[PDB]
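Below is target04.txt, which holds compact mmCIF, C-alpha atoms.
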```txt
# COMPACT_ATOMS: atom_id res chain seq x y z
CA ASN T 311 164.21 69.76 88.25
CA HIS T 312 161.94 72.77 88.79
CA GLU T 313 160.72 75.97 87.13
CA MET T 314 159.05 79.29 87.97
CA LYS T 315 156.40 81.60 86.50
CA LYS T 316 154.98 85.06 87.25
CA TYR T 317 151.71 87.00 87.09
CA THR T 318 150.57 90.61 87.48
CA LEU T 319 147.53 92.64 88.51
CA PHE T 320 146.28 96.24 88.39
CA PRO T 321 143.10 98.16 89.34
CA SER T 322 140.86 100.61 87.45
CA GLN T 323 139.02 103.89 88.13
CA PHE T 324 135.54 105.41 88.10
CA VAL T 325 134.03 108.91 88.24
CA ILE T 326 130.58 110.51 88.41
CA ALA T 327 129.03 113.92 89.06
CA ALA T 328 125.74 115.74 89.61
CA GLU T 329 124.38 119.19 88.78
CA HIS T 330 121.75 121.57 90.14
CA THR T 331 121.02 125.30 90.11
CA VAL T 332 120.39 127.85 92.85
CA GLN T 333 116.96 129.05 91.71
CA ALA T 334 115.57 125.53 91.28
CA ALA T 335 116.82 124.55 94.74
CA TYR T 336 115.27 127.66 96.31
CA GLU T 337 111.94 127.03 94.55
CA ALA T 338 111.91 123.40 95.68
CA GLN T 339 112.71 124.42 99.26
CA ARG T 340 109.97 127.06 99.26
CA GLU T 341 107.32 124.77 97.75
CA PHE T 342 108.13 121.32 99.17
CA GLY T 343 110.89 121.93 101.73
CA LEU T 344 113.34 119.47 100.17
CA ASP T 345 117.13 119.58 100.08
CA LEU T 346 118.57 118.82 96.64
CA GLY T 347 122.22 118.46 97.67
CA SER T 348 121.63 115.59 100.08
CA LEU T 349 119.31 113.93 97.55
CA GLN T 350 121.94 114.00 94.80
CA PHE T 351 124.70 112.96 97.22
CA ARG T 352 122.80 109.89 98.44
CA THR T 353 121.72 109.02 94.89
CA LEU T 354 125.34 109.02 93.70
CA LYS T 355 126.49 107.01 96.73
CA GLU T 356 123.85 104.33 96.12
CA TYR T 357 124.33 104.21 92.34
CA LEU T 358 128.09 103.68 92.64
CA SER T 359 127.70 100.47 94.66
CA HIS T 360 124.76 99.33 92.53
CA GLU T 361 126.75 99.57 89.32
CA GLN T 362 129.81 98.00 90.95
CA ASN Y 311 118.94 114.47 87.95
CA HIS Y 312 115.35 113.85 89.02
CA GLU Y 313 111.80 114.45 87.78
CA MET Y 314 108.38 114.55 89.44
CA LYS Y 315 104.75 113.91 88.49
CA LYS Y 316 101.20 114.42 89.77
CA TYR Y 317 98.02 112.36 90.19
CA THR Y 318 94.51 113.25 91.36
CA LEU Y 319 91.30 111.81 92.83
CA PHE Y 320 87.63 112.79 92.99
CA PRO Y 321 84.53 110.96 94.32
CA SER Y 322 81.03 110.26 92.96
CA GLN Y 323 77.40 110.22 94.16
CA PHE Y 324 74.30 108.03 94.36
CA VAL Y 325 70.58 108.44 95.08
CA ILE Y 326 67.59 106.11 95.51
CA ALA Y 327 64.04 106.51 96.81
CA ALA Y 328 60.90 104.48 97.50
CA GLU Y 329 57.20 105.27 97.15
CA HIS Y 330 53.98 103.75 98.45
CA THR Y 331 50.41 104.98 98.11
CA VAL Y 332 47.95 105.36 100.98
CA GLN Y 333 44.97 103.46 99.54
CA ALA Y 334 46.96 100.34 98.65
CA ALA Y 335 48.89 100.53 101.93
CA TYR Y 336 45.68 100.61 103.98
CA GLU Y 337 44.18 97.81 101.89
CA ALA Y 338 47.26 95.62 102.40
CA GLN Y 339 47.37 96.40 106.12
CA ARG Y 340 43.71 95.44 106.51
CA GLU Y 341 44.00 92.26 104.43
CA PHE Y 342 47.33 90.88 105.70
CA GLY Y 343 48.56 93.09 108.56
CA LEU Y 344 51.95 93.92 107.03
CA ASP Y 345 54.03 97.11 107.16
CA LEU Y 346 54.89 98.48 103.73
CA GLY Y 347 56.96 101.40 105.02
CA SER Y 348 59.35 99.30 107.10
CA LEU Y 349 59.76 96.72 104.32
CA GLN Y 350 60.51 99.44 101.76
CA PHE Y 351 63.00 101.16 104.08
CA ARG Y 352 64.83 97.89 104.79
CA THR Y 353 64.93 96.97 101.09
CA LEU Y 354 66.37 100.40 100.26
CA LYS Y 355 69.03 100.08 102.96
CA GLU Y 356 70.02 96.59 101.81
CA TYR Y 357 70.09 97.35 98.08
CA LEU Y 358 72.19 100.48 98.59
CA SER Y 359 75.06 98.34 99.89
CA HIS Y 360 74.34 95.44 97.52
CA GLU Y 361 74.69 97.55 94.38
CA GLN Y 362 78.02 99.02 95.51
```
Please express what this file holds, its structure, as structure tokens.
Amino acid sequence: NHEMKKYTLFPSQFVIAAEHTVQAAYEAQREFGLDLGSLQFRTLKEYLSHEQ
Amino acid sequence: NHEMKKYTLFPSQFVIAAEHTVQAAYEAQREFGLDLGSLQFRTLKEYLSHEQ
């Protein structure tokens, strides 16, 4: 004779965020000419894969 | 978020001199025919690099 079984699967989620202010960004741009938004964006993008 | 720091540098100095009298120099030149000034200058130049 024969028999049958079954199994299941399901995924999960993740979430992250970053914060910065206008005056700090303006001061950094005036002094060093750096862009904070791109820095934080790339940092989050890298950190997600690293922790995965 | 991110943080920054600072570091600094600053150099130093050195000084060295040589001395020879006239009486002893003439006596040595008469007796042996050497050159005290050139020998002293060369020794100074060598030792300056050797000490560093």
Item to check | Nearest-residue call for chain T, choices Y:311, Y:356, Y:329, Y:336, using all atoms listed in the file | outcome: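 Result for the nearest residue to chain T: Y:311.
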Item to check | Computed interatomic separation between atom CA of residue Y:353 and atom CA of residue Y:325 (Å) | outcome: 14.1 Å
Show me, as a PDB file with C-alpha atoms, keeping the file's coordinate frame, the residues of chain Y whose atoms get within 12 Å of chain T, using all atoms listed in the file for the distance check.
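Saved result, part.pdb, follows:
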```pdb
ATOM      1  CA  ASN Y 311     118.940 114.470  87.950  1.00  0.00           C
ATOM      2  CA  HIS Y 312     115.350 113.850  89.020  1.00  0.00           C
ATOM      3  CA  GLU Y 313     111.800 114.450  87.780  1.00  0.00           C
ATOM      4  CA  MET Y 314     108.380 114.550  89.440  1.00  0.00           C
TER       5      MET Y 314
END
```
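Considering the residues Y:324, Y:331, Y:342, Y:347 and counting only C-alpha atoms, residue Y:359 has its shortest atom-to-atom contact with Y:324.
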Checklist entry - What is the atom CA of residue Y:343 to atom CA of residue Y:327 distance in Å? => result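 Those two atoms sit 23.6 Å apart.
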Put the listed atoms of stretch 341-355 of chain Y in a box along x, y and z with 5 Å added on every side and give me the centre and edge lengths in Å to one decimal, as JSON.
```
{"center_x": 56.5, "center_y": 96.1, "center_z": 104.4, "size_x": 35.0, "size_y": 20.5, "size_z": 18.3}
```
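The coordinates place atom CA of residue T:326 at 13.3 Å from atom CA of residue T:360.
The residue that comes closest to residue Y:358, out of Y:344, Y:323, Y:333, Y:339 and on the basis of only C-alpha atoms, is Y:323.
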